[PDB]
Each structure stands twice: as structure tokens, then as C-alpha cells.
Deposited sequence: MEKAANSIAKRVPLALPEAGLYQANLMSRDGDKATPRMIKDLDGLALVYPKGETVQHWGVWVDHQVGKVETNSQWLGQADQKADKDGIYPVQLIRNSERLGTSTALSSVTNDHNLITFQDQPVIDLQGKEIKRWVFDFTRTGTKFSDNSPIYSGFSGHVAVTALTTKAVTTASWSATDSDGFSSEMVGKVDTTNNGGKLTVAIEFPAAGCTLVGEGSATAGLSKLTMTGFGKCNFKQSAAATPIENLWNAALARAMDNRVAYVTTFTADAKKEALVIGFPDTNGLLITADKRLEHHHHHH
């Protein structure tokens, strides 16, 4: 009876997890009524941005490699908060997935289905243990590439999220898993001076450094970015399809652009910086302490 459920879903802004940083796990499911199981090594990040007065954004990013082939995906969600003229609360979902090997593939698909989040869902974690989690249903933005090859082997289109413990941003030096000066993002420098937060992001290809100011906080700290006038964000060939998407958004960005930053610890007790630019074609910067 999904159509009836979606009909009600439309009448209220989309239910999302509390604003913050999440771990995402791509799941497999065997049947429309079977319990989804997380898939090894198909983990990612998800970010729910704070609720706007008009819109709430969120995103999910996943990077996976097999052989010499990378498959990178981002899902970008926009949930309207105010009502539409038909009394509806629009939801928009976009998947961009790129497959980079000897050949190249990009698949981008939007869908405006409303009932795409599920709260307290049973999920078989990586140990075979059933647990409960928010679940995204990204089935309608597709799971295959055009040659009938699946984007991620076993992926059902369902995505579990788990809240990550985030520290506040400290004064430190970071690196977006990079490096010559040809990459999209390079050094990232953060200063936390008694709560006042400044973040400097070098964009080596664009030839500029963006600087953001904000206030330190547990979870997401809101930044206002400047520096865009000094940058050349163009469509490359040196960039991946998704990077060119990020470039297209950054080329239209202007001073006082909003971003959110937080830190957390990954596996080997190694801290990571995450900066997310809402409504910027999925721009997500992750950086290792250095």
C-alpha cells in the first residue's frame, strides 16, 4: 500500500535524523519484506544539515574501489519545510554515481518521492546482529549503471545511518587525502581561538583559498565562507564527473556561502575533519589530521 503511505508522507516535512554527522552503510535485502543486512566495506558518511526555515538538506557519500575501478556515489536530499500550493511538502533526491576505471561512467538521477526515510528499522549489522536504525530508501534513484552492471554489488538501495560522536573543531592542520597542486582540495587549516572558529581550505586547481568563520560547537558548526572572487572553478578533464559537479556549484558560489564542519575519529584512532557545503552539488571535504 506504498502509494497511500506516500500520500500521507507528503503532508508533513520529511522525517530526518537529528542534524549531524552519521555513518552510512549500504544494505542488501532479499525481498520486499525481508530484513536488510549491511554489506561489508560499503560504508560511508552521511550528513543531515540543520533544518532551515524553508528547506532541510542532507547527503550520503560512498567511495568504493574494486580492482582498479572506483565507484563513488553521492545522494543529495532536499526536503521542503514550507507547504506547496497543492498542500504538499516537496522532497527531492539526487544520486550521482561515477565509475572510474579504464572507462568512465556517470549516472545521475533525481526523484521526488516523499516516503524515503524510515525510523527504527530492523537491520542486520556486519556481525549478523539485528539492531535498529534510521533507514534511507534510495531505490528510486536507481542501483545500476546503464550496462546493467550494479553500482555496488548487493546494494538494494537501502541505507542505514548510525550517529557518530563528533568532537568540536580544534586548532590543527589537515589534508584532504591529497598530493602536486593539481587536486581539487589540498591543505585545510583550522583555528579554534576561544570558540571563534576559522577554517582555511586551499583549492589548488581553482588557485585559491576559501576561508570560513564560525563558532565552535559539538556537532556541526556553521561557517560562512569567503574567497570566491579569487578562484577559478571550471569544468576540467583532470576532474572526475562528480568533481566537475562540485566545480559547477562552486563557480556560482559567492561570499558568505554557508558550510558546516565537524571532526570525528575513524578506525585507527585517527581524527578526521568533515566540511559539508549544503546545496553545492554534494561538495564534501574530508581531511586527515597532519
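No C-alpha positions are given in the record for the deposited-sequence stretches 180 to 181, 293 to 300.
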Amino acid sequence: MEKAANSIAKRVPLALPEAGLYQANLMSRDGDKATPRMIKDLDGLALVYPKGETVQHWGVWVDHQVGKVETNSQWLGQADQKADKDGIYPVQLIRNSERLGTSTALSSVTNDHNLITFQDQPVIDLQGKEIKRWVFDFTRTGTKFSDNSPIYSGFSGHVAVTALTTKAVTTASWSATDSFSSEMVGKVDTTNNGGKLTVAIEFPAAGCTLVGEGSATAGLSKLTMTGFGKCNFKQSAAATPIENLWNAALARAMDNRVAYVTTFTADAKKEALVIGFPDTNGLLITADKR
From here on, numbers count along this sequence of modelled residues.
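Taking the PDB entry as given, 128 to 136 carries the higher mean Cα B factor of the two stretches 195 to 203 and 128 to 136. As recorded in the PDB entry, 30 to 38 is the stretch of 234 to 242 and 30 to 38 with the greater mean C-alpha temperature factor. Highest CA B-factor among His57, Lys68, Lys222, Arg257, as stated in the entry: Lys68. Across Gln92, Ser97, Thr177, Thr141, the greatest Cα temperature factor reported in the deposited entry is at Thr177. The deposited CA B-factor of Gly77 belongs to the lowest third of values across its chain. The deposited CA B-factor of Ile116 belongs to the middle third of values across its chain.
The entry lists a Cα temperature factor for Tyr49 that places it in the middle third of the chain's modelled residues.
Remark: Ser108 belongs to the lowest third of its chain, ranked by C-alpha B-factor as recorded. Among the modelled residues of its chain, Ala168 has a C-alpha B-factor that falls in the highest third according to the deposited record.
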